[PDB]
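Chemist: Dropping in data-v4.pdb, with PDB, N, CA and C atoms.
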ATOM      1  N   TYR A   1       0.807  -1.210   0.000
ATOM      2  CA  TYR A   1       0.000   0.000   0.000
ATOM      3  C   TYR A   1       0.850   1.274   0.000
ATOM      4  N   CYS A   2       0.192   2.400  -0.267
ATOM      5  CA  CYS A   2       0.833   3.705  -0.249
ATOM      6  C   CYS A   2       0.607   4.365   1.102
ATOM      7  N   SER A   3       1.691   4.636   1.823
ATOM      8  CA  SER A   3       1.565   5.175   3.167
ATOM      9  C   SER A   3       0.952   6.562   3.174
ATOM     10  N   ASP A   4       1.042   7.300   2.066
ATOM     11  CA  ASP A   4       0.580   8.678   2.078
ATOM     12  C   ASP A   4      -0.903   8.819   1.758
ATOM     13  N   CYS A   5      -1.501   7.846   1.080
ATOM     14  CA  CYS A   5      -2.957   7.861   0.945
ATOM     15  C   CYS A   5      -3.597   6.492   1.089
ATOM     16  N   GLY A   6      -2.840   5.401   1.085
ATOM     17  CA  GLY A   6      -3.391   4.077   1.277
ATOM     18  C   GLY A   6      -3.884   3.398   0.024
ATOM     19  N   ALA A   7      -3.496   3.873  -1.150
ATOM     20  CA  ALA A   7      -3.868   3.218  -2.390
ATOM     21  C   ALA A   7      -3.150   1.883  -2.505
ATOM     22  N   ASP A   8      -3.685   1.000  -3.355
ATOM     23  CA  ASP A   8      -3.131  -0.357  -3.454
ATOM     24  C   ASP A   8      -1.831  -0.387  -4.274
ATOM     25  N   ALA A   9      -0.815  -1.057  -3.735
ATOM     26  CA  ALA A   9       0.516  -1.126  -4.342
ATOM     27  C   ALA A   9       0.478  -1.280  -5.857
ATOM     28  N   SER A  10      -0.562  -1.954  -6.332
ATOM     29  CA  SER A  10      -0.751  -2.186  -7.746
ATOM     30  C   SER A  10      -1.006  -0.898  -8.532
ATOM     31  N   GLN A  11      -1.098   0.227  -7.825
ATOM     32  CA  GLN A  11      -1.389   1.518  -8.442
ATOM     33  C   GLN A  11      -0.148   2.402  -8.609
ATOM     34  N   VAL A  12       1.032   1.915  -8.247
ATOM     35  CA  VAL A  12       2.264   2.649  -8.494
ATOM     36  C   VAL A  12       2.740   2.369  -9.917
ATOM     37  N   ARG A  13       3.466   3.331 -10.491
ATOM     38  CA  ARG A  13       3.943   3.240 -11.869
ATOM     39  C   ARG A  13       4.927   4.377 -12.129
ATOM     40  N   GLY A  14       5.978   4.091 -12.900
ATOM     41  CA  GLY A  14       6.983   5.096 -13.222
ATOM     42  C   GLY A  14       7.651   5.757 -12.045
ATOM     43  N   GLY A  15       7.638   5.134 -10.876
ATOM     44  CA  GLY A  15       8.283   5.681  -9.707
ATOM     45  C   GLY A  15       7.419   6.561  -8.837
ATOM     46  N   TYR A  16       6.104   6.559  -9.042
ATOM     47  CA  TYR A  16       5.213   7.371  -8.243
ATOM     48  C   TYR A  16       3.905   6.638  -7.997
ATOM     49  N   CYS A  17       3.250   7.012  -6.915
ATOM     50  CA  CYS A  17       1.885   6.566  -6.702
ATOM     51  C   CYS A  17       0.956   7.322  -7.646
ATOM     52  N   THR A  18       0.323   6.605  -8.577
ATOM     53  CA  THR A  18      -0.484   7.272  -9.599
ATOM     54  C   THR A  18      -1.781   7.827  -9.060
ATOM     55  N   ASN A  19      -2.048   7.684  -7.763
ATOM     56  CA  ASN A  19      -3.178   8.409  -7.202
ATOM     57  C   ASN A  19      -2.759   9.749  -6.592
ATOM     58  N   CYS A  20      -1.885   9.729  -5.580
ATOM     59  CA  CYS A  20      -1.586  10.954  -4.846
ATOM     60  C   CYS A  20      -0.231  11.570  -5.200
ATOM     61  N   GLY A  21       0.598  10.891  -5.986
ATOM     62  CA  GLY A  21       1.825  11.484  -6.464
ATOM     63  C   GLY A  21       3.039  11.201  -5.615
ATOM     64  N   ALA A  22       2.888  10.423  -4.548
ATOM     65  CA  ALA A  22       4.000  10.152  -3.653
ATOM     66  C   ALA A  22       5.093   9.383  -4.382
ATOM     67  N   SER A  23       6.301   9.478  -3.848
ATOM     68  CA  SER A  23       7.444   8.803  -4.429
ATOM     69  C   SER A  23       7.417   7.337  -4.050
ATOM     70  N   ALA A  24       8.205   6.532  -4.752
ATOM     71  CA  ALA A  24       8.193   5.083  -4.569
ATOM     72  C   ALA A  24       8.566   4.589  -3.156
ATOM     73  N   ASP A  25       9.308   5.403  -2.399
ATOM     74  CA  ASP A  25       9.800   5.022  -1.068
ATOM     75  C   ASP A  25       8.689   4.896  -0.042
ATOM     76  N   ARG A  26       7.562   5.537  -0.321
ATOM     77  CA  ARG A  26       6.457   5.588   0.626
ATOM     78  C   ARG A  26       5.537   4.377   0.543
ATOM     79  N   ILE A  27       5.794   3.463  -0.381
ATOM     80  CA  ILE A  27       5.026   2.230  -0.462
ATOM     81  C   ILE A  27       5.560   1.242   0.566
ATOM     82  N   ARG A  28       4.651   0.526   1.195
ATOM     83  CA  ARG A  28       5.019  -0.489   2.160
ATOM     84  C   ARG A  28       4.325  -1.789   1.803
TER      85      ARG A  28
END
Represent the structure from my file as structure tokens, please.
Modeler:
Amino acid sequence: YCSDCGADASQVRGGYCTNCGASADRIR
């Protein structure tokens, strides 16, 4: 998941969370 908004890991792409824009480091 994305720690900054809680979107599902499957929603990251190109090094960012494609929902809220967070960087890849914030995924857990």
Chemist: Check which residues satisfy the PyMOL selection byres ((chain A and resi 16-27) around 6.5) in the file shown, then give them as JSON, numbers by chain.
Modeler: {"A": [1, 2, 3, 4, 11, 12, 13, 14, 15, 28]}
Chemist: Enumerate, as an MDAnalysis selection string, the complete set of residues in chain A that a backbone-based DSSP assignment places in strand (DSSP E or B).
Modeler: chainID A and resid 2 12:13 16:17 23 27
Chemist: Output N, CA and C atoms of each residue in that selection to a file, as a PDB file, in the coordinates of the input.
Modeler:
ATOM      1  N   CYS A   2       0.192   2.400  -0.267  1.00  0.00           N
ATOM      2  CA  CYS A   2       0.833   3.705  -0.249  1.00  0.00           C
ATOM      3  C   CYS A   2       0.607   4.365   1.102  1.00  0.00           C
ATOM      4  N   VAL A  12       1.032   1.915  -8.247  1.00  0.00           N
ATOM      5  CA  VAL A  12       2.264   2.649  -8.494  1.00  0.00           C
ATOM      6  C   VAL A  12       2.740   2.369  -9.917  1.00  0.00           C
ATOM      7  N   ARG A  13       3.466   3.331 -10.491  1.00  0.00           N
ATOM      8  CA  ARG A  13       3.943   3.240 -11.869  1.00  0.00           C
ATOM      9  C   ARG A  13       4.927   4.377 -12.129  1.00  0.00           C
ATOM     10  N   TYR A  16       6.104   6.559  -9.042  1.00  0.00           N
ATOM     11  CA  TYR A  16       5.213   7.371  -8.243  1.00  0.00           C
ATOM     12  C   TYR A  16       3.905   6.638  -7.997  1.00  0.00           C
ATOM     13  N   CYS A  17       3.250   7.012  -6.915  1.00  0.00           N
ATOM     14  CA  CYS A  17       1.885   6.566  -6.702  1.00  0.00           C
ATOM     15  C   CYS A  17       0.956   7.322  -7.646  1.00  0.00           C
ATOM     16  N   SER A  23       6.301   9.478  -3.848  1.00  0.00           N
ATOM     17  CA  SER A  23       7.444   8.803  -4.429  1.00  0.00           C
ATOM     18  C   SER A  23       7.417   7.337  -4.050  1.00  0.00           C
ATOM     19  N   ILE A  27       5.794   3.463  -0.381  1.00  0.00           N
ATOM     20  CA  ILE A  27       5.026   2.230  -0.462  1.00  0.00           C
ATOM     21  C   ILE A  27       5.560   1.242   0.566  1.00  0.00           C
TER      22      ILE A  27
END
Chemist: To test your reading of the structure, identify every residue in chain A that backbone DSSP assigns to helix (DSSP H, G or I), and report it as a ChimeraX atom specification.
Modeler: /A:9-11,24-26
Chemist: To test the calculation: enclose all listed atoms of region 2-13 of chain A in a box whose edges run along x, y and z, add 6 Å on each side, then state centre and edge lengths in Å to one decimal, as JSON.
Modeler:
{"center_x": 0.5, "center_y": 3.3, "center_z": -4.5, "size_x": 20.8, "size_y": 23.0, "size_z": 27.3}
Chemist: Mind rebuilding region 4-23 of chain A with N, CA, C and O atoms and writing that out as a compact mmCIF listing (two decimals), in the frame of the given file?
Modeler:
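Result file follows (result.txt):
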# COMPACT_ATOMS: atom_id res chain seq x y z
N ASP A 4 1.04 7.30 2.07
CA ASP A 4 0.58 8.68 2.08
C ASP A 4 -0.90 8.82 1.76
O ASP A 4 -1.51 9.82 2.15
N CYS A 5 -1.50 7.85 1.08
CA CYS A 5 -2.96 7.86 0.94
C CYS A 5 -3.60 6.49 1.09
O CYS A 5 -4.82 6.43 1.21
N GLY A 6 -2.84 5.40 1.08
CA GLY A 6 -3.39 4.08 1.28
C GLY A 6 -3.88 3.40 0.02
O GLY A 6 -4.65 2.43 0.13
N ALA A 7 -3.50 3.87 -1.15
CA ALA A 7 -3.87 3.22 -2.39
C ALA A 7 -3.15 1.88 -2.50
O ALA A 7 -2.13 1.65 -1.84
N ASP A 8 -3.68 1.00 -3.36
CA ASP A 8 -3.13 -0.36 -3.45
C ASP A 8 -1.83 -0.39 -4.27
O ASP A 8 -1.77 0.16 -5.37
N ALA A 9 -0.82 -1.06 -3.74
CA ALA A 9 0.52 -1.13 -4.34
C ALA A 9 0.48 -1.28 -5.86
O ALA A 9 1.37 -0.80 -6.57
N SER A 10 -0.56 -1.95 -6.33
CA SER A 10 -0.75 -2.19 -7.75
C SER A 10 -1.01 -0.90 -8.53
O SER A 10 -1.10 -0.92 -9.76
N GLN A 11 -1.10 0.23 -7.82
CA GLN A 11 -1.39 1.52 -8.44
C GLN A 11 -0.15 2.40 -8.61
O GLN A 11 -0.27 3.54 -9.08
N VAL A 12 1.03 1.92 -8.25
CA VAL A 12 2.26 2.65 -8.49
C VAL A 12 2.74 2.37 -9.92
O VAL A 12 2.49 1.29 -10.48
N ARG A 13 3.47 3.33 -10.49
CA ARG A 13 3.94 3.24 -11.87
C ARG A 13 4.93 4.38 -12.13
O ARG A 13 4.74 5.48 -11.61
N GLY A 14 5.98 4.09 -12.90
CA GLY A 14 6.98 5.10 -13.22
C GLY A 14 7.65 5.76 -12.04
O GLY A 14 8.20 6.86 -12.20
N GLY A 15 7.64 5.13 -10.88
CA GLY A 15 8.28 5.68 -9.71
C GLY A 15 7.42 6.56 -8.84
O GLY A 15 7.95 7.25 -7.95
N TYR A 16 6.10 6.56 -9.04
CA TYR A 16 5.21 7.37 -8.24
C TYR A 16 3.90 6.64 -8.00
O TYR A 16 3.47 5.79 -8.78
N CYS A 17 3.25 7.01 -6.92
CA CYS A 17 1.88 6.57 -6.70
C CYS A 17 0.96 7.32 -7.65
O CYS A 17 0.79 8.54 -7.52
N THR A 18 0.32 6.60 -8.58
CA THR A 18 -0.48 7.27 -9.60
C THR A 18 -1.78 7.83 -9.06
O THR A 18 -2.56 8.40 -9.84
N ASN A 19 -2.05 7.68 -7.76
CA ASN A 19 -3.18 8.41 -7.20
C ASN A 19 -2.76 9.75 -6.59
O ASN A 19 -3.23 10.80 -7.02
N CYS A 20 -1.88 9.73 -5.58
CA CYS A 20 -1.59 10.95 -4.85
C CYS A 20 -0.23 11.57 -5.20
O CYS A 20 0.04 12.70 -4.79
N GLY A 21 0.60 10.89 -5.99
CA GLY A 21 1.82 11.48 -6.46
C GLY A 21 3.04 11.20 -5.62
O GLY A 21 4.13 11.69 -5.93
N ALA A 22 2.89 10.42 -4.55
CA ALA A 22 4.00 10.15 -3.65
C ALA A 22 5.09 9.38 -4.38
O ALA A 22 4.86 8.73 -5.40
N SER A 23 6.30 9.48 -3.85
CA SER A 23 7.44 8.80 -4.43
C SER A 23 7.42 7.34 -4.05
O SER A 23 6.73 6.95 -3.12
